[PDB]
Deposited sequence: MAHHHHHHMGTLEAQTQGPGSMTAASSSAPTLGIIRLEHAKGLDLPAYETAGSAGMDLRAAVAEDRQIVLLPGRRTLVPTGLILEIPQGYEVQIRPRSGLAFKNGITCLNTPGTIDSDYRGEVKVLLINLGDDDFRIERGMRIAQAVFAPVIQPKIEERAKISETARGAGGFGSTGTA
């Protein structure tokens, strides 16, 4: 298999790195690397970037998709606004998750909270060819 490198920033010291729960899992949970003893408030309708404290080194030919956690979405109405968030093999910034509160309650973000799931996949670049002149894709 391919290898996903992960560089831990200081605020991710002490957290478990992402890992697959079982051989059957599709994604890895990502955790909030916010300050200990700090509760971040996300009010209804509002969005924020939540740090993971991780830099991903995704190898050439692959991507990471940042997808929502299903339980947060149901219980709280929280999702990832840019879902599926695309992280490419060039990206060497810190991975941050863009949460939006689409529910009615104030939501509290805490250190260690599972905030998204990451799915690693091959990516391909087709040749792009201009040509001259039902299917899914229309509205």
| query | finding |
| --- | --- |
| Non-modelled portions of the deposited polymer sequence, in sequence order | 1 to 28, 162 to 166, 173 to 178 |
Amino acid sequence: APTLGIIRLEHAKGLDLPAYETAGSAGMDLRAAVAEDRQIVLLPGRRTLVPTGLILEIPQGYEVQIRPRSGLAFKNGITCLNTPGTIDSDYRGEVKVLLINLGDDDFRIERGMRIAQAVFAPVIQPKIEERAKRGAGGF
From here on, numbers count along this sequence of modelled residues.
{"item": "Mean temperature factor over C-alpha atoms, higher-scoring stretch between 78 to 86 and 53 to 61", "value": "53 to 61"}
{"item": "33 to 41 or 93 to 101, whichever carries the higher mean Cα B-factor", "value": "33 to 41"}
{"item": "Where the record places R47 (Cα B-factor, split into thirds across the chain)", "value": "lowest"}
{"item": "Relative C-alpha B-factor of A19, binned into the chain's lowest, middle or highest third", "value": "middle"}
{"item": "Chain third (lowest, middle, highest) by recorded CA B-factor, residue given as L9", "value": "highest"}
{"item": "Third of the chain's Cα B-factor distribution that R114 belongs to, per the entry", "value": "middle"}
